[PDB]
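In what follows, a single structure is set out as structure tokens and then discussed.
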Amino acid sequence: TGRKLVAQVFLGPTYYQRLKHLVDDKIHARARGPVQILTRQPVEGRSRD
Amino acid sequence: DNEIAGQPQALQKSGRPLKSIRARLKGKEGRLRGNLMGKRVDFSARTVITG
Amino acid sequence: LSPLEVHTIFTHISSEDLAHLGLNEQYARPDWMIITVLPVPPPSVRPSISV
């Protein structure tokens with residue numbers, strides 16, 4: 001709108017750190033994927049998947 | 001029972017217990033609480049949450 | 001002592017006697033505590049591999 005905000009903002013620079021472990025590395029989805037040979041249950045994280 | 005409390009050894013490779021049948025049963029790190037209680041599963045997924 | 005000796009004695013045990021104790025003349029039979037035909041599970045229970 002262009003309306004002033006009723007309240008006053010605390011605006012002021014600072015440095016934030018870009019942390020590691022991003023998202024596109026942490027998403028996970030299964031659905032009839034590979035399975036162990038001995039137990040015949042689903043594999044663990046990673047692989048594919 | 002690899003180690004039936006007698007001092008047998010049961011070394012197969014590099015003097016290391018011979019993976020017995022009783023080992024798998026009550027691991028942990030095996031069935032019991034990993035293949036019968038809490039099983040992975042499929043048709044699932046996870047990721048970071050957001051508001 | 002020995003096993004062959006024990007088993008023999010058990011097998012002789014009287015039927016009305018096998019029940020007198022916490023045994024089962026149908027499911028559990030002392031004369032069974034001794035192995036003779038050791039069974040062999042199918043690979044399905046075991047593992048393999050191939051480099």
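Chain labels run A, B, ... following the order of the structure tokens; each chain numbers its residues from 1, and ligands are numbered from 1 in the order shown.
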
Neighbours of chain B in chain A at 12 Å, counting only C-alpha atoms, as a CSV table (one decimal) with N, CA and C atoms, in the first residue's frame:
```csv
chain,number,residue,atom,x,y,z
A,21,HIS,N,24.7,-28.1,4.9
A,21,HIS,CA,23.4,-28.9,4.8
A,21,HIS,C,22.3,-28.0,4.3
A,22,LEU,N,22.2,-28.0,3.0
A,22,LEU,CA,21.1,-27.3,2.2
A,22,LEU,C,19.9,-28.3,2.1
A,23,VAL,N,18.9,-27.9,1.4
A,23,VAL,CA,17.7,-28.7,1.4
A,23,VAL,C,17.8,-29.8,0.4
A,24,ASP,N,18.0,-29.5,-0.9
A,24,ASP,CA,18.1,-30.4,-2.0
A,24,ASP,C,19.0,-31.6,-1.7
A,25,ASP,N,19.6,-31.6,-0.5
A,25,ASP,CA,20.4,-32.8,-0.2
A,25,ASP,C,19.7,-33.6,0.9
A,26,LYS,N,18.8,-32.9,1.6
A,26,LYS,CA,18.0,-33.6,2.7
A,26,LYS,C,16.6,-34.1,2.4
A,27,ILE,N,16.1,-33.9,1.2
A,27,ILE,CA,14.8,-34.4,0.8
A,27,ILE,C,14.9,-35.9,0.5
A,28,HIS,N,13.9,-36.7,0.8
A,28,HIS,CA,14.0,-38.1,0.7
A,28,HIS,C,12.6,-38.7,0.4
A,29,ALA,N,12.5,-39.6,-0.5
A,29,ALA,CA,11.2,-40.2,-0.9
A,29,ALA,C,11.4,-41.7,-1.4
A,30,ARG,N,10.6,-42.6,-0.8
A,30,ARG,CA,10.7,-44.0,-1.1
A,30,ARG,C,9.4,-44.5,-1.7
A,31,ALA,N,9.4,-45.7,-2.3
A,31,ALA,CA,8.3,-46.3,-3.0
A,31,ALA,C,8.6,-47.5,-3.8
A,32,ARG,N,8.7,-48.6,-3.1
A,32,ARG,CA,9.1,-49.9,-3.7
A,32,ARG,C,10.5,-49.9,-4.2
A,33,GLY,N,11.4,-49.4,-3.4
A,33,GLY,CA,12.8,-49.3,-3.7
A,33,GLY,C,13.5,-50.6,-3.3
A,34,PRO,N,14.8,-50.6,-3.7
A,34,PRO,CA,15.7,-51.8,-3.4
A,34,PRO,C,15.5,-52.3,-2.0
A,35,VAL,N,16.0,-53.5,-1.7
A,35,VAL,CA,15.9,-54.0,-0.3
A,35,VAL,C,17.1,-54.9,0.0
A,36,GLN,N,17.4,-55.1,1.3
A,36,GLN,CA,18.5,-55.9,1.7
A,36,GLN,C,18.4,-57.3,1.1
A,38,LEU,N,19.6,-60.2,2.9
A,38,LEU,CA,19.4,-61.1,4.1
A,38,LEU,C,18.1,-60.9,4.8
A,39,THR,N,17.7,-59.7,5.0
A,39,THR,CA,16.4,-59.5,5.7
A,39,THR,C,15.3,-59.2,4.7
A,40,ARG,N,15.6,-58.7,3.5
A,40,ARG,CA,14.6,-58.4,2.5
A,40,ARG,C,13.7,-57.2,2.9
A,41,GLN,N,14.2,-56.4,3.8
A,41,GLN,CA,13.5,-55.1,4.0
A,41,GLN,C,14.2,-54.0,3.3
A,42,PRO,N,13.7,-52.8,3.5
A,42,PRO,CA,14.2,-51.7,2.7
A,42,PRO,C,15.6,-51.2,3.1
A,43,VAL,N,16.4,-50.8,2.1
A,43,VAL,CA,17.7,-50.3,2.4
A,43,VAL,C,17.7,-49.1,3.3
A,44,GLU,N,18.9,-48.5,3.6
A,44,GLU,CA,19.0,-47.4,4.5
A,44,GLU,C,19.2,-46.1,3.7
A,45,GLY,N,19.1,-44.9,4.3
A,45,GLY,CA,19.3,-43.7,3.7
A,45,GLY,C,20.3,-43.7,2.6
A,49,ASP,N,16.5,-45.2,-3.2
A,49,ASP,CA,16.9,-44.3,-2.2
A,49,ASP,C,16.1,-44.3,-1.0
```

Neighbour list for region 22-24 of chain B as a ChimeraX atom specification, cut-off 12 Å, only C-alpha atoms, skip fewer than 3 positions in-chain | /A:38-39 /B:1-4,17-19,27-35 /C:45-46

Chain C residues within 12 Å of chain A, counting only C-alpha atoms: which ones, as a list in words?
-> residues 42, 43, 44, 45, 46, 47, 48 and 49 of chain C

Would you put the residues from that selection into a file with N, CA, C and O atoms, as a PDB file, in the first residue's frame?
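Contents of the output file again.pdb:
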```
ATOM      1  N   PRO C  42      17.886 -73.134   4.670  1.00  0.00           N
ATOM      2  CA  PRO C  42      18.148 -72.780   3.271  1.00  0.00           C
ATOM      3  C   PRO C  42      18.880 -71.448   3.150  1.00  0.00           C
ATOM      4  O   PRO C  42      18.728 -70.582   4.011  1.00  0.00           O
ATOM      5  N   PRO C  43      19.664 -71.291   2.089  1.00  0.00           N
ATOM      6  CA  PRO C  43      20.417 -70.055   1.862  1.00  0.00           C
ATOM      7  C   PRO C  43      19.584 -68.818   2.184  1.00  0.00           C
ATOM      8  O   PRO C  43      20.095 -67.863   2.770  1.00  0.00           O
ATOM      9  N   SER C  44      18.309 -68.842   1.801  1.00  0.00           N
ATOM     10  CA  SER C  44      17.415 -67.720   2.056  1.00  0.00           C
ATOM     11  C   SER C  44      17.683 -67.099   3.421  1.00  0.00           C
ATOM     12  O   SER C  44      17.527 -65.892   3.608  1.00  0.00           O
ATOM     13  N   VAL C  45      18.093 -67.931   4.375  1.00  0.00           N
ATOM     14  CA  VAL C  45      18.394 -67.465   5.721  1.00  0.00           C
ATOM     15  C   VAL C  45      19.839 -66.986   5.822  1.00  0.00           C
ATOM     16  O   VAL C  45      20.197 -66.246   6.739  1.00  0.00           O
ATOM     17  N   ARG C  46      20.665 -67.413   4.872  1.00  0.00           N
ATOM     18  CA  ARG C  46      22.072 -67.029   4.849  1.00  0.00           C
ATOM     19  C   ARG C  46      22.334 -65.971   3.782  1.00  0.00           C
ATOM     20  O   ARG C  46      21.415 -65.529   3.093  1.00  0.00           O
ATOM     21  N   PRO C  47      23.594 -65.567   3.651  1.00  0.00           N
ATOM     22  CA  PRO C  47      23.979 -64.553   2.666  1.00  0.00           C
ATOM     23  C   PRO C  47      25.034 -65.073   1.695  1.00  0.00           C
ATOM     24  O   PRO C  47      25.474 -66.215   1.816  1.00  0.00           O
ATOM     25  N   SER C  48      25.430 -64.236   0.742  1.00  0.00           N
ATOM     26  CA  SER C  48      26.435 -64.614  -0.244  1.00  0.00           C
ATOM     27  C   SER C  48      27.245 -63.401  -0.693  1.00  0.00           C
ATOM     28  O   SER C  48      27.760 -62.646   0.134  1.00  0.00           O
ATOM     29  N   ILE C  49      27.353 -63.219  -2.004  1.00  0.00           N
ATOM     30  CA  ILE C  49      28.091 -62.091  -2.561  1.00  0.00           C
ATOM     31  C   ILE C  49      28.873 -62.501  -3.804  1.00  0.00           C
ATOM     32  O   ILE C  49      29.074 -63.688  -4.060  1.00  0.00           O
TER      33      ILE C  49
END
```

Å distance separating CA of residue 30 (chain C) from CA of residue 5 (chain C), one decimal place |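 Value for the CA of residue 30 (chain C)-CA of residue 5 (chain C) distance: 12.9 Å.
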
Taking the DSSP assignment computed from this structure's backbone, write out as a PyMOL selection string all residues of chain C that belong to helix (DSSP H, G or I).
-> chain C and resi 3-12+15-20+30-32+43-45

May I have the selected residues written with N, CA, C and O atoms, as a PDB file, in the first residue's frame?
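See again39.pdb below for the written result:
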```pdb
ATOM      1  N   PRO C   3      27.024 -88.135  25.622  1.00  0.00           N
ATOM      2  CA  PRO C   3      25.682 -87.855  25.102  1.00  0.00           C
ATOM      3  C   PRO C   3      24.939 -89.134  24.733  1.00  0.00           C
ATOM      4  O   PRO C   3      23.808 -89.336  25.174  1.00  0.00           O
ATOM      5  N   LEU C   4      25.574 -89.984  23.932  1.00  0.00           N
ATOM      6  CA  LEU C   4      24.965 -91.240  23.514  1.00  0.00           C
ATOM      7  C   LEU C   4      24.395 -92.001  24.704  1.00  0.00           C
ATOM      8  O   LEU C   4      23.361 -92.661  24.594  1.00  0.00           O
ATOM      9  N   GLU C   5      25.073 -91.906  25.843  1.00  0.00           N
ATOM     10  CA  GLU C   5      24.635 -92.584  27.056  1.00  0.00           C
ATOM     11  C   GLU C   5      23.367 -91.948  27.615  1.00  0.00           C
ATOM     12  O   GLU C   5      22.400 -92.640  27.929  1.00  0.00           O
ATOM     13  N   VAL C   6      23.381 -90.624  27.740  1.00  0.00           N
ATOM     14  CA  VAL C   6      22.232 -89.894  28.260  1.00  0.00           C
ATOM     15  C   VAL C   6      20.989 -90.144  27.414  1.00  0.00           C
ATOM     16  O   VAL C   6      19.957 -90.581  27.924  1.00  0.00           O
ATOM     17  N   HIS C   7      21.096 -89.866  26.119  1.00  0.00           N
ATOM     18  CA  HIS C   7      19.980 -90.060  25.201  1.00  0.00           C
ATOM     19  C   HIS C   7      19.342 -91.434  25.392  1.00  0.00           C
ATOM     20  O   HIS C   7      18.127 -91.548  25.543  1.00  0.00           O
ATOM     21  N   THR C   8      20.172 -92.471  25.384  1.00  0.00           N
ATOM     22  CA  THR C   8      19.694 -93.838  25.559  1.00  0.00           C
ATOM     23  C   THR C   8      18.816 -93.958  26.800  1.00  0.00           C
ATOM     24  O   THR C   8      17.725 -94.526  26.751  1.00  0.00           O
ATOM     25  N   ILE C   9      19.304 -93.421  27.917  1.00  0.00           N
ATOM     26  CA  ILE C   9      18.565 -93.468  29.174  1.00  0.00           C
ATOM     27  C   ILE C   9      17.217 -92.765  29.046  1.00  0.00           C
ATOM     28  O   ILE C   9      16.198 -93.264  29.522  1.00  0.00           O
ATOM     29  N   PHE C  10      17.221 -91.603  28.400  1.00  0.00           N
ATOM     30  CA  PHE C  10      16.001 -90.829  28.208  1.00  0.00           C
ATOM     31  C   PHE C  10      14.971 -91.617  27.403  1.00  0.00           C
ATOM     32  O   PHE C  10      13.832 -91.787  27.831  1.00  0.00           O
ATOM     33  N   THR C  11      15.384 -92.096  26.235  1.00  0.00           N
ATOM     34  CA  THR C  11      14.502 -92.868  25.368  1.00  0.00           C
ATOM     35  C   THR C  11      13.800 -93.979  26.144  1.00  0.00           C
ATOM     36  O   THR C  11      12.661 -94.334  25.847  1.00  0.00           O
ATOM     37  N   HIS C  12      14.492 -94.523  27.141  1.00  0.00           N
ATOM     38  CA  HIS C  12      13.938 -95.592  27.963  1.00  0.00           C
ATOM     39  C   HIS C  12      12.874 -95.058  28.916  1.00  0.00           C
ATOM     40  O   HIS C  12      11.968 -95.789  29.320  1.00  0.00           O
ATOM     41  N   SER C  15       6.652 -93.526  29.422  1.00  0.00           N
ATOM     42  CA  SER C  15       5.720 -92.531  28.891  1.00  0.00           C
ATOM     43  C   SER C  15       4.915 -91.779  29.940  1.00  0.00           C
ATOM     44  O   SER C  15       4.730 -90.569  29.834  1.00  0.00           O
ATOM     45  N   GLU C  16       4.425 -92.491  30.952  1.00  0.00           N
ATOM     46  CA  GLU C  16       3.643 -91.841  31.990  1.00  0.00           C
ATOM     47  C   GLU C  16       4.594 -91.029  32.833  1.00  0.00           C
ATOM     48  O   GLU C  16       4.173 -90.219  33.655  1.00  0.00           O
ATOM     49  N   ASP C  17       5.884 -91.262  32.611  1.00  0.00           N
ATOM     50  CA  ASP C  17       6.941 -90.547  33.318  1.00  0.00           C
ATOM     51  C   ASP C  17       7.314 -89.249  32.578  1.00  0.00           C
ATOM     52  O   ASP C  17       7.573 -88.226  33.221  1.00  0.00           O
ATOM     53  N   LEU C  18       7.335 -89.305  31.251  1.00  0.00           N
ATOM     54  CA  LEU C  18       7.667 -88.138  30.443  1.00  0.00           C
ATOM     55  C   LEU C  18       6.737 -86.970  30.750  1.00  0.00           C
ATOM     56  O   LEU C  18       7.116 -85.807  30.612  1.00  0.00           O
ATOM     57  N   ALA C  19       5.515 -87.289  31.162  1.00  0.00           N
ATOM     58  CA  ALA C  19       4.527 -86.269  31.490  1.00  0.00           C
ATOM     59  C   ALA C  19       4.653 -85.826  32.946  1.00  0.00           C
ATOM     60  O   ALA C  19       4.407 -84.667  33.277  1.00  0.00           O
ATOM     61  N   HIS C  20       5.037 -86.762  33.810  1.00  0.00           N
ATOM     62  CA  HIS C  20       5.200 -86.470  35.233  1.00  0.00           C
ATOM     63  C   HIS C  20       5.999 -85.189  35.444  1.00  0.00           C
ATOM     64  O   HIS C  20       5.870 -84.529  36.474  1.00  0.00           O
ATOM     65  N   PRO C  30      12.773 -84.975  26.206  1.00  0.00           N
ATOM     66  CA  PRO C  30      14.173 -84.999  26.647  1.00  0.00           C
ATOM     67  C   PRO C  30      15.080 -85.657  25.614  1.00  0.00           C
ATOM     68  O   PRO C  30      16.139 -85.118  25.292  1.00  0.00           O
ATOM     69  N   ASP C  31      14.666 -86.814  25.106  1.00  0.00           N
ATOM     70  CA  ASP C  31      15.449 -87.538  24.113  1.00  0.00           C
ATOM     71  C   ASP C  31      15.670 -86.697  22.861  1.00  0.00           C
ATOM     72  O   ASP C  31      16.221 -87.176  21.869  1.00  0.00           O
ATOM     73  N   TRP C  32      15.240 -85.443  22.914  1.00  0.00           N
ATOM     74  CA  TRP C  32      15.389 -84.532  21.784  1.00  0.00           C
ATOM     75  C   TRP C  32      16.478 -83.496  22.052  1.00  0.00           C
ATOM     76  O   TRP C  32      16.990 -82.868  21.125  1.00  0.00           O
ATOM     77  N   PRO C  43      19.664 -71.291   2.089  1.00  0.00           N
ATOM     78  CA  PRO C  43      20.417 -70.055   1.862  1.00  0.00           C
ATOM     79  C   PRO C  43      19.584 -68.818   2.184  1.00  0.00           C
ATOM     80  O   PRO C  43      20.095 -67.863   2.770  1.00  0.00           O
ATOM     81  N   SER C  44      18.309 -68.842   1.801  1.00  0.00           N
ATOM     82  CA  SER C  44      17.415 -67.720   2.056  1.00  0.00           C
ATOM     83  C   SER C  44      17.683 -67.099   3.421  1.00  0.00           C
ATOM     84  O   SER C  44      17.527 -65.892   3.608  1.00  0.00           O
ATOM     85  N   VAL C  45      18.093 -67.931   4.375  1.00  0.00           N
ATOM     86  CA  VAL C  45      18.394 -67.465   5.721  1.00  0.00           C
ATOM     87  C   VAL C  45      19.839 -66.986   5.822  1.00  0.00           C
ATOM     88  O   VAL C  45      20.197 -66.246   6.739  1.00  0.00           O
TER      89      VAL C  45
END
```

Measuring atom to atom with only C-alpha atoms, identify which of C:35, C:29, C:21, C:41 is nearest to chain B.
->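 Of all the options, C:41 lies closest to chain B.
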
To one decimal place, how far is CA of residue 23 (chain C) from CA of residue 2 (chain C) in Å?
->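 Between these atoms lies a distance of 21.8 Å.
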